[PDB]
file protein_22.pdb (PDB, N, CA and C atoms)
MODEL        1
ATOM      1  N   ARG P 346     -28.836  68.983 -58.956
ATOM      2  CA  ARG P 346     -28.028  67.808 -59.275
ATOM      3  C   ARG P 346     -28.764  66.573 -58.786
ATOM      4  N   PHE P 347     -29.026  65.637 -59.690
ATOM      5  CA  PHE P 347     -29.708  64.400 -59.346
ATOM      6  C   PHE P 347     -28.704  63.350 -58.882
ATOM      7  N   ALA P 348     -29.214  62.346 -58.176
ATOM      8  CA  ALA P 348     -28.378  61.303 -57.606
ATOM      9  C   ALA P 348     -28.229  60.142 -58.589
ATOM     10  N   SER P 349     -27.422  59.157 -58.202
ATOM     11  CA  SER P 349     -27.192  57.994 -59.042
ATOM     12  C   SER P 349     -28.451  57.133 -59.118
ATOM     13  N   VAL P 350     -28.413  56.137 -60.007
ATOM     14  CA  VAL P 350     -29.557  55.248 -60.167
ATOM     15  C   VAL P 350     -29.684  54.318 -58.966
ATOM     16  N   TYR P 351     -28.557  53.820 -58.454
ATOM     17  CA  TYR P 351     -28.609  52.948 -57.286
ATOM     18  C   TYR P 351     -28.928  53.744 -56.025
ATOM     19  N   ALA P 352     -28.375  54.946 -55.905
ATOM     20  CA  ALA P 352     -28.690  55.843 -54.792
ATOM     21  C   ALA P 352     -29.786  56.827 -55.202
ATOM     22  N   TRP P 353     -30.910  56.265 -55.641
ATOM     23  CA  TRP P 353     -32.041  57.086 -56.055
ATOM     24  C   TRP P 353     -32.525  57.940 -54.891
ATOM     25  N   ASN P 354     -32.621  59.247 -55.124
ATOM     26  CA  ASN P 354     -32.962  60.187 -54.064
ATOM     27  C   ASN P 354     -34.455  60.110 -53.770
ATOM     28  N   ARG P 355     -34.838  59.911 -52.492
ATOM     29  CA  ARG P 355     -36.273  59.923 -52.038
ATOM     30  C   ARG P 355     -36.611  61.154 -51.178
ATOM     31  N   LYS P 356     -37.724  61.839 -51.475
ATOM     32  CA  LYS P 356     -38.385  62.797 -50.550
ATOM     33  C   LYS P 356     -39.807  62.317 -50.248
ATOM     34  N   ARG P 357     -40.207  62.382 -48.974
ATOM     35  CA  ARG P 357     -41.611  62.163 -48.547
ATOM     36  C   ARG P 357     -42.360  63.490 -48.641
ATOM     37  N   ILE P 358     -43.491  63.483 -49.341
ATOM     38  CA  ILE P 358     -44.384  64.660 -49.425
ATOM     39  C   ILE P 358     -45.582  64.335 -48.544
ATOM     40  N   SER P 359     -45.790  65.146 -47.502
ATOM     41  CA  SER P 359     -46.880  64.979 -46.505
ATOM     42  C   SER P 359     -47.312  66.361 -45.989
ATOM     43  N   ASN P 360     -48.472  66.448 -45.322
ATOM     44  CA  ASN P 360     -49.035  67.706 -44.811
ATOM     45  C   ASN P 360     -48.903  68.913 -45.783
ATOM     46  N   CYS P 361     -49.237  68.775 -47.074
ATOM     47  CA  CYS P 361     -49.101  69.867 -48.025
ATOM     48  C   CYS P 361     -50.112  69.677 -49.147
ATOM     49  N   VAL P 362     -50.677  70.785 -49.620
ATOM     50  CA  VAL P 362     -51.596  70.745 -50.753
ATOM     51  C   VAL P 362     -50.806  70.388 -52.005
ATOM     52  N   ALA P 363     -51.219  69.316 -52.679
ATOM     53  CA  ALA P 363     -50.516  68.800 -53.849
ATOM     54  C   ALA P 363     -51.185  69.339 -55.107
ATOM     55  N   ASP P 364     -50.521  70.281 -55.774
ATOM     56  CA  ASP P 364     -50.988  70.818 -57.051
ATOM     57  C   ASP P 364     -50.379  69.962 -58.152
ATOM     58  N   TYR P 365     -50.906  68.810 -58.505
ATOM     59  CA  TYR P 365     -50.121  68.021 -59.503
ATOM     60  C   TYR P 365     -50.119  68.673 -60.895
ATOM     61  N   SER P 366     -50.610  69.902 -61.017
ATOM     62  CA  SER P 366     -50.693  70.577 -62.334
ATOM     63  C   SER P 366     -49.584  71.608 -62.460
ATOM     64  N   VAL P 367     -48.458  71.355 -61.817
ATOM     65  CA  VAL P 367     -47.266  72.211 -62.029
ATOM     66  C   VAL P 367     -46.308  71.233 -62.682
ATOM     67  N   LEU P 368     -46.769  70.035 -62.987
ATOM     68  CA  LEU P 368     -45.938  69.122 -63.792
ATOM     69  C   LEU P 368     -45.736  69.700 -65.186
ATOM     70  N   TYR P 369     -46.695  70.466 -65.708
ATOM     71  CA  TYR P 369     -46.768  70.760 -67.169
ATOM     72  C   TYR P 369     -46.091  72.089 -67.458
ATOM     73  N   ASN P 370     -44.902  72.234 -66.889
ATOM     74  CA  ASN P 370     -43.938  73.314 -67.168
ATOM     75  C   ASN P 370     -42.686  72.633 -67.682
ATOM     76  N   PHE P 371     -42.514  71.378 -67.301
ATOM     77  CA  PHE P 371     -41.398  70.553 -67.807
ATOM     78  C   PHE P 371     -41.834  69.924 -69.129
ATOM     79  N   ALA P 372     -40.944  69.940 -70.122
ATOM     80  CA  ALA P 372     -41.285  69.852 -71.558
ATOM     81  C   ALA P 372     -41.728  68.431 -71.912
ATOM     82  N   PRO P 373     -42.416  68.202 -73.052
ATOM     83  CA  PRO P 373     -42.837  66.881 -73.518
ATOM     84  C   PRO P 373     -42.098  65.657 -72.994
ATOM     85  N   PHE P 374     -42.808  64.877 -72.212
ATOM     86  CA  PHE P 374     -42.188  63.836 -71.383
ATOM     87  C   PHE P 374     -42.190  62.560 -72.195
ATOM     88  N   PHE P 375     -41.006  61.990 -72.382
ATOM     89  CA  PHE P 375     -40.851  60.720 -73.122
ATOM     90  C   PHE P 375     -41.815  59.728 -72.485
ATOM     91  N   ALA P 376     -42.290  60.038 -71.277
ATOM     92  CA  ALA P 376     -43.223  59.121 -70.595
ATOM     93  C   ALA P 376     -43.861  59.813 -69.398
ATOM     94  N   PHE P 377     -45.175  59.711 -69.260
ATOM     95  CA  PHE P 377     -45.893  60.281 -68.100
ATOM     96  C   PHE P 377     -46.763  59.134 -67.649
ATOM     97  N   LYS P 378     -46.352  57.929 -68.018
ATOM     98  CA  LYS P 378     -47.210  56.756 -67.739
ATOM     99  C   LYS P 378     -47.691  56.800 -66.301
ATOM    100  N   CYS P 379     -48.996  56.934 -66.119
ATOM    101  CA  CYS P 379     -49.555  56.885 -64.755
ATOM    102  C   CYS P 379     -50.175  55.506 -64.592
ATOM    103  N   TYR P 380     -49.554  54.656 -63.793
ATOM    104  CA  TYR P 380     -50.009  53.285 -63.607
ATOM    105  C   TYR P 380     -51.006  53.240 -62.459
ATOM    106  N   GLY P 381     -52.122  52.543 -62.673
ATOM    107  CA  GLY P 381     -53.160  52.424 -61.672
ATOM    108  C   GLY P 381     -54.021  53.650 -61.484
ATOM    109  N   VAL P 382     -53.639  54.794 -62.051
ATOM    110  CA  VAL P 382     -54.403  56.028 -61.945
ATOM    111  C   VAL P 382     -54.376  56.726 -63.299
ATOM    112  N   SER P 383     -55.193  57.786 -63.416
ATOM    113  CA  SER P 383     -55.255  58.548 -64.651
ATOM    114  C   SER P 383     -54.470  59.848 -64.516
ATOM    115  N   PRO P 384     -53.891  60.358 -65.609
ATOM    116  CA  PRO P 384     -53.099  61.594 -65.492
ATOM    117  C   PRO P 384     -53.934  62.821 -65.171
ATOM    118  N   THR P 385     -55.256  62.585 -65.274
ATOM    119  CA  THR P 385     -56.232  63.679 -65.099
ATOM    120  C   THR P 385     -56.934  63.552 -63.763
ATOM    121  N   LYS P 386     -57.015  62.346 -63.228
ATOM    122  CA  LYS P 386     -57.805  62.205 -61.982
ATOM    123  C   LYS P 386     -56.897  62.347 -60.767
ATOM    124  N   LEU P 387     -55.597  62.530 -60.983
ATOM    125  CA  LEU P 387     -54.656  62.532 -59.842
ATOM    126  C   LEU P 387     -54.814  63.783 -58.987
ATOM    127  N   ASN P 388     -55.191  64.909 -59.581
ATOM    128  CA  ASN P 388     -55.418  66.155 -58.806
ATOM    129  C   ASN P 388     -56.816  66.164 -58.206
ATOM    130  N   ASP P 389     -57.211  65.092 -57.514
ATOM    131  CA  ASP P 389     -58.567  64.994 -56.913
ATOM    132  C   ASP P 389     -58.482  64.091 -55.696
ATOM    133  N   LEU P 390     -58.043  62.858 -55.897
ATOM    134  CA  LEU P 390     -57.903  61.852 -54.814
ATOM    135  C   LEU P 390     -56.941  62.336 -53.729
ATOM    136  N   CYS P 391     -57.386  62.361 -52.469
ATOM    137  CA  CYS P 391     -56.463  62.712 -51.366
ATOM    138  C   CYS P 391     -55.689  61.441 -51.043
ATOM    139  N   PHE P 392     -54.488  61.579 -50.483
ATOM    140  CA  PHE P 392     -53.627  60.413 -50.183
ATOM    141  C   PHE P 392     -52.818  60.752 -48.940
ATOM    142  N   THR P 393     -52.352  59.737 -48.212
ATOM    143  CA  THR P 393     -51.643  59.972 -46.940
ATOM    144  C   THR P 393     -50.257  60.570 -47.152
ATOM    145  N   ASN P 394     -49.452  59.978 -48.038
ATOM    146  CA  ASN P 394     -48.087  60.382 -48.386
ATOM    147  C   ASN P 394     -47.882  60.213 -49.908
TER     148      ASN P 394
ATOM    149  N   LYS L 444     -53.044  34.968 -75.696
ATOM    150  CA  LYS L 444     -51.936  34.839 -76.628
ATOM    151  C   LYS L 444     -50.721  35.533 -76.037
ATOM    152  N   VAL L 445     -49.534  35.025 -76.374
ATOM    153  CA  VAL L 445     -48.311  35.574 -75.798
ATOM    154  C   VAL L 445     -48.157  37.018 -76.249
ATOM    155  N   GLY L 446     -48.297  37.949 -75.305
ATOM    156  CA  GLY L 446     -48.211  39.378 -75.595
ATOM    157  C   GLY L 446     -49.108  39.757 -76.770
ATOM    158  N   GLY L 447     -50.311  39.192 -76.809
ATOM    159  CA  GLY L 447     -51.230  39.431 -77.906
ATOM    160  C   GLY L 447     -52.653  39.678 -77.449
ATOM    161  N   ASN L 448     -53.622  39.347 -78.300
ATOM    162  CA  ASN L 448     -55.040  39.542 -78.012
ATOM    163  C   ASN L 448     -55.418  41.018 -77.954
ATOM    164  N   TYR L 449     -54.808  41.839 -78.812
ATOM    165  CA  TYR L 449     -55.160  43.250 -78.909
ATOM    166  C   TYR L 449     -56.601  43.468 -79.343
ATOM    167  N   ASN L 450     -57.203  42.501 -80.040
ATOM    168  CA  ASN L 450     -58.541  42.691 -80.589
ATOM    169  C   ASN L 450     -59.567  42.960 -79.493
ATOM    170  N   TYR L 451     -59.276  42.555 -78.261
ATOM    171  CA  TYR L 451     -60.146  42.808 -77.119
ATOM    172  C   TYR L 451     -59.621  44.022 -76.364
ATOM    173  N   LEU L 452     -60.399  45.102 -76.363
ATOM    174  CA  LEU L 452     -59.944  46.382 -75.838
ATOM    175  C   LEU L 452     -60.959  46.930 -74.846
ATOM    176  N   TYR L 453     -60.617  48.081 -74.271
ATOM    177  CA  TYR L 453     -61.507  48.817 -73.386
ATOM    178  C   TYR L 453     -61.006  50.251 -73.286
ATOM    179  N   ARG L 454     -61.649  51.029 -72.418
ATOM    180  CA  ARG L 454     -61.286  52.420 -72.185
ATOM    181  C   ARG L 454     -60.936  52.621 -70.718
ATOM    182  N   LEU L 455     -59.789  53.256 -70.468
ATOM    183  CA  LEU L 455     -59.419  53.612 -69.103
ATOM    184  C   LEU L 455     -60.106  54.892 -68.647
ATOM    185  N   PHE L 456     -60.269  55.861 -69.543
ATOM    186  CA  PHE L 456     -60.899  57.126 -69.200
ATOM    187  C   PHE L 456     -61.685  57.633 -70.399
ATOM    188  N   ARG L 457     -62.660  58.495 -70.120
ATOM    189  CA  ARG L 457     -63.505  59.071 -71.154
ATOM    190  C   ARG L 457     -63.836  60.504 -70.769
ATOM    191  N   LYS L 458     -64.229  61.295 -71.772
ATOM    192  CA  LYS L 458     -64.585  62.686 -71.522
ATOM    193  C   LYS L 458     -65.718  62.812 -70.514
ATOM    194  N   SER L 459     -66.630  61.844 -70.470
ATOM    195  CA  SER L 459     -67.716  61.851 -69.505
ATOM    196  C   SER L 459     -68.134  60.418 -69.220
ATOM    197  N   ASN L 460     -68.729  60.215 -68.049
ATOM    198  CA  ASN L 460     -69.181  58.885 -67.668
ATOM    199  C   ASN L 460     -70.318  58.434 -68.573
ATOM    200  N   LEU L 461     -70.273  57.168 -68.985
ATOM    201  CA  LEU L 461     -71.276  56.640 -69.898
ATOM    202  C   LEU L 461     -72.634  56.532 -69.216
ATOM    203  N   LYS L 462     -73.683  56.780 -69.994
ATOM    204  CA  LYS L 462     -75.033  56.524 -69.533
ATOM    205  C   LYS L 462     -75.321  55.024 -69.585
ATOM    206  N   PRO L 463     -76.308  54.548 -68.827
ATOM    207  CA  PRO L 463     -76.606  53.112 -68.833
ATOM    208  C   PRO L 463     -76.885  52.597 -70.238
ATOM    209  N   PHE L 464     -76.271  51.463 -70.571
ATOM    210  CA  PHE L 464     -76.463  50.821 -71.867
ATOM    211  C   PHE L 464     -76.119  51.764 -73.013
ATOM    212  N   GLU L 465     -75.300  52.774 -72.742
ATOM    213  CA  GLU L 465     -74.836  53.664 -73.797
ATOM    214  C   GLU L 465     -73.616  53.070 -74.492
ATOM    215  N   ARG L 466     -73.604  53.168 -75.818
ATOM    216  CA  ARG L 466     -72.545  52.598 -76.636
ATOM    217  C   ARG L 466     -71.865  53.703 -77.430
ATOM    218  N   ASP L 467     -70.535  53.642 -77.497
ATOM    219  CA  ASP L 467     -69.736  54.654 -78.182
ATOM    220  C   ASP L 467     -68.743  53.939 -79.088
ATOM    221  N   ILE L 468     -68.955  54.040 -80.405
ATOM    222  CA  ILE L 468     -68.040  53.428 -81.367
ATOM    223  C   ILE L 468     -66.806  54.273 -81.618
ATOM    224  N   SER L 469     -66.878  55.579 -81.379
ATOM    225  CA  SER L 469     -65.761  56.465 -81.656
ATOM    226  C   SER L 469     -64.623  56.228 -80.667
ATOM    227  N   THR L 470     -63.428  56.707 -81.041
ATOM    228  CA  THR L 470     -62.265  56.611 -80.169
ATOM    229  C   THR L 470     -61.440  57.897 -80.197
ATOM    230  N   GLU L 471     -62.093  59.046 -80.364
ATOM    231  CA  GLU L 471     -61.370  60.303 -80.492
ATOM    232  C   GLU L 471     -60.581  60.602 -79.221
ATOM    233  N   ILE L 472     -59.599  61.495 -79.355
ATOM    234  CA  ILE L 472     -58.679  61.779 -78.261
ATOM    235  C   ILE L 472     -59.311  62.787 -77.311
ATOM    236  N   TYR L 473     -59.098  62.582 -76.012
ATOM    237  CA  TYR L 473     -59.565  63.537 -75.013
ATOM    238  C   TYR L 473     -58.731  64.810 -75.086
ATOM    239  N   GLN L 474     -59.404  65.955 -75.063
ATOM    240  CA  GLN L 474     -58.714  67.234 -75.203
ATOM    241  C   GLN L 474     -57.929  67.558 -73.939
ATOM    242  N   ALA L 475     -56.728  68.116 -74.118
ATOM    243  CA  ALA L 475     -55.923  68.522 -72.971
ATOM    244  C   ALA L 475     -56.447  69.804 -72.339
ATOM    245  N   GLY L 476     -56.994  70.707 -73.139
ATOM    246  CA  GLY L 476     -57.535  71.965 -72.621
ATOM    247  C   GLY L 476     -56.522  73.065 -72.396
ATOM    248  N   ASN L 477     -55.437  72.768 -71.678
ATOM    249  CA  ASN L 477     -54.425  73.781 -71.403
ATOM    250  C   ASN L 477     -53.494  74.012 -72.587
ATOM    251  N   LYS L 478     -53.557  73.162 -73.609
ATOM    252  CA  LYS L 478     -52.679  73.246 -74.765
ATOM    253  C   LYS L 478     -53.478  72.867 -76.007
ATOM    254  N   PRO L 479     -53.462  73.695 -77.056
ATOM    255  CA  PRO L 479     -54.234  73.357 -78.261
ATOM    256  C   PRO L 479     -53.792  72.012 -78.816
ATOM    257  N   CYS L 480     -54.769  71.174 -79.162
ATOM    258  CA  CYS L 480     -54.497  69.774 -79.439
ATOM    259  C   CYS L 480     -55.440  69.251 -80.511
ATOM    260  N   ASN L 481     -54.974  69.288 -81.761
ATOM    261  CA  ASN L 481     -55.631  68.579 -82.851
ATOM    262  C   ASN L 481     -54.744  67.406 -83.239
ATOM    263  N   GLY L 482     -53.436  67.650 -83.290
ATOM    264  CA  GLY L 482     -52.464  66.582 -83.308
ATOM    265  C   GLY L 482     -52.219  66.049 -81.909
ATOM    266  N   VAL L 483     -51.428  64.975 -81.841
ATOM    267  CA  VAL L 483     -51.147  64.360 -80.551
ATOM    268  C   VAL L 483     -50.372  65.345 -79.684
ATOM    269  N   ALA L 484     -50.495  65.184 -78.367
ATOM    270  CA  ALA L 484     -49.938  66.137 -77.421
ATOM    271  C   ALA L 484     -49.702  65.429 -76.094
ATOM    272  N   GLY L 485     -49.515  66.223 -75.044
ATOM    273  CA  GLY L 485     -49.035  65.699 -73.781
ATOM    274  C   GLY L 485     -50.157  65.276 -72.851
ATOM    275  N   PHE L 486     -50.385  66.119 -71.843
ATOM    276  CA  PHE L 486     -51.118  65.758 -70.632
ATOM    277  C   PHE L 486     -52.306  64.835 -70.876
ATOM    278  N   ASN L 487     -53.274  65.259 -71.689
ATOM    279  CA  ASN L 487     -54.526  64.520 -71.797
ATOM    280  C   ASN L 487     -54.844  64.070 -73.216
ATOM    281  N   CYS L 488     -53.935  64.259 -74.168
ATOM    282  CA  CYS L 488     -54.214  63.883 -75.548
ATOM    283  C   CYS L 488     -53.744  62.465 -75.848
ATOM    284  N   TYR L 489     -53.666  61.624 -74.823
ATOM    285  CA  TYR L 489     -53.338  60.222 -75.007
ATOM    286  C   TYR L 489     -54.562  59.445 -75.491
ATOM    287  N   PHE L 490     -54.297  58.389 -76.249
ATOM    288  CA  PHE L 490     -55.368  57.648 -76.901
ATOM    289  C   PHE L 490     -56.124  56.803 -75.875
ATOM    290  N   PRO L 491     -57.467  56.871 -75.857
ATOM    291  CA  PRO L 491     -58.222  56.188 -74.794
ATOM    292  C   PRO L 491     -58.027  54.677 -74.749
ATOM    293  N   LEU L 492     -57.830  54.049 -75.905
ATOM    294  CA  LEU L 492     -57.827  52.593 -75.965
ATOM    295  C   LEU L 492     -56.458  52.032 -75.613
TER     296      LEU L 492
ENDMDL
END
call {"tool": "encode", "arguments": {"input": "protein_22.pdb", "output": "structure tokens"}}
result
Amino acid sequence: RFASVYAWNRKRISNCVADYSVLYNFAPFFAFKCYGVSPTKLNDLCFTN
Amino acid sequence: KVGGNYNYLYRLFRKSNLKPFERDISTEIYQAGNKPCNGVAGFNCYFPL
């Protein structure tokens, strides 16, 4: 169950290997717009949080 | 121009890094790889320009 738009639910992801390639089990996305980064280069750059 | 000037374009990503002074007139779609893609598709079949 997702939260309201005003009470947008936040989780911090830290200390974990990020497999951003488990996104592509959820069906054709009306939008996957990756701003400032590429949808392909994201599974490479390490990040703090 | 107000929300215009499309005639001036560039590429955010390419199948491979360009060689020095290399020119590419084509604009074909980058292959997704995980999903057959001759028509438009998801992850990586977005238009480069």
call {"tool": "closest_atom_pairs", "arguments": {"input": "protein_22.pdb", "of": "chain L", "to": "chain P", "cutoff": "10 Å", "atoms": "only C-alpha atoms", "output": "CSV"}}
result
residue,atom,partner,partner_atom,distance
L:455,CA,P:383,CA,7.8
L:456,CA,P:383,CA,7.4
L:475,CA,P:385,CA,9.2
L:477,CA,P:369,CA,9.3
L:478,CA,P:369,CA,9.9
L:484,CA,P:373,CA,8.1
L:485,CA,P:373,CA,6.3
L:486,CA,P:384,CA,6.9
L:487,CA,P:385,CA,7.0
L:489,CA,P:384,CA,9.6
call {"tool": "residues_near_point", "arguments": {"input": "protein_22.pdb", "point": "(-67.4, 56.7, -77.3)", "cutoff": "12 Å", "atoms": "only C-alpha atoms", "output": "list in words"}}
result
residues 453, 454, 455, 456, 457, 458, 459, 460, 461, 462, 465, 466, 467, 468, 469, 470, 471, 472, 473, 491 and 492 of chain L
call {"tool": "atom_distance", "arguments": {"input": "protein_22.pdb", "atom1": "atom CA of residue P:365", "atom2": "atom CA of residue P:378"}}
result
14.3 Å
call {"tool": "atom_distance", "arguments": {"input": "protein_22.pdb", "atom1": "atom N of residue P:359", "atom2": "atom C of residue P:388"}}
result
15.4 Å
call {"tool": "residues_near_point", "arguments": {"input": "protein_22.pdb", "point": "(-54.1, 65.0, -46.7)", "cutoff": "12 Å", "atoms": "only C-alpha atoms", "output": "ChimeraX atom specification"}}
result
/P:358-363,389-394
call {"tool": "atom_distance", "arguments": {"input": "protein_22.pdb", "atom1": "atom N of residue P:379", "atom2": "atom N of residue L:464"}}
result
28.2 Å
call {"tool": "axis_aligned_box", "arguments": {"input": "protein_22.pdb", "around": "stretch 355-361 of chain P", "padding_each_side": "8 Å", "output": "JSON"}}
result
{"center_x": -42.5, "center_y": 64.9, "center_z": -48.7, "size_x": 31.3, "size_y": 26.0, "size_z": 23.7}
call {"tool": "decode", "arguments": {"input": "protein_22.pdb", "residues": "stretch 447-483 of chain L", "atoms": "C-alpha atoms", "output": "PDB file, in the first residue's frame"}}
result
ATOM      1  CA  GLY L 447      12.208  26.134 -29.304  1.00  0.00           C
ATOM      2  CA  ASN L 448      15.538  25.856 -31.141  1.00  0.00           C
ATOM      3  CA  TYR L 449      15.202  22.097 -31.709  1.00  0.00           C
ATOM      4  CA  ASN L 450      17.431  22.405 -34.791  1.00  0.00           C
ATOM      5  CA  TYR L 451      20.455  22.442 -32.449  1.00  0.00           C
ATOM      6  CA  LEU L 452      20.839  18.969 -30.951  1.00  0.00           C
ATOM      7  CA  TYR L 453      23.338  16.632 -29.315  1.00  0.00           C
ATOM      8  CA  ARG L 454      23.668  13.126 -27.877  1.00  0.00           C
ATOM      9  CA  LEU L 455      23.424  12.211 -24.201  1.00  0.00           C
ATOM     10  CA  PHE L 456      24.665   8.640 -24.700  1.00  0.00           C
ATOM     11  CA  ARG L 457      26.060   6.466 -27.480  1.00  0.00           C
ATOM     12  CA  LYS L 458      26.821   2.793 -28.027  1.00  0.00           C
ATOM     13  CA  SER L 459      30.535   3.623 -27.745  1.00  0.00           C
ATOM     14  CA  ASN L 460      32.706   6.636 -27.018  1.00  0.00           C
ATOM     15  CA  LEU L 461      33.553   8.644 -30.124  1.00  0.00           C
ATOM     16  CA  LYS L 462      37.055   8.626 -31.537  1.00  0.00           C
ATOM     17  CA  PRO L 463      38.800  12.007 -31.900  1.00  0.00           C
ATOM     18  CA  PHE L 464      37.291  14.104 -34.692  1.00  0.00           C
ATOM     19  CA  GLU L 465      34.935  11.214 -35.436  1.00  0.00           C
ATOM     20  CA  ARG L 466      31.601  12.192 -36.976  1.00  0.00           C
ATOM     21  CA  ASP L 467      28.380  10.161 -36.898  1.00  0.00           C
ATOM     22  CA  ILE L 468      25.414  11.252 -39.030  1.00  0.00           C
ATOM     23  CA  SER L 469      23.236   8.301 -38.008  1.00  0.00           C
ATOM     24  CA  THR L 470      20.819   8.397 -35.074  1.00  0.00           C
ATOM     25  CA  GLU L 471      19.847   4.732 -34.668  1.00  0.00           C
ATOM     26  CA  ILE L 472      18.479   3.516 -31.345  1.00  0.00           C
ATOM     27  CA  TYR L 473      20.749   1.933 -28.745  1.00  0.00           C
ATOM     28  CA  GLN L 474      19.878  -1.730 -28.241  1.00  0.00           C
ATOM     29  CA  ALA L 475      18.422  -2.755 -24.885  1.00  0.00           C
ATOM     30  CA  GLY L 476      19.987  -6.233 -25.055  1.00  0.00           C
ATOM     31  CA  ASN L 477      17.775  -7.836 -22.410  1.00  0.00           C
ATOM     32  CA  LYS L 478      14.679  -7.443 -24.623  1.00  0.00           C
ATOM     33  CA  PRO L 479      14.445  -7.842 -28.424  1.00  0.00           C
ATOM     34  CA  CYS L 480      14.162  -4.356 -29.859  1.00  0.00           C
ATOM     35  CA  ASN L 481      13.604  -3.430 -33.490  1.00  0.00           C
ATOM     36  CA  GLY L 482      10.599  -1.335 -32.590  1.00  0.00           C
ATOM     37  CA  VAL L 483      10.720   1.111 -29.714  1.00  0.00           C
TER      38      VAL L 483
END
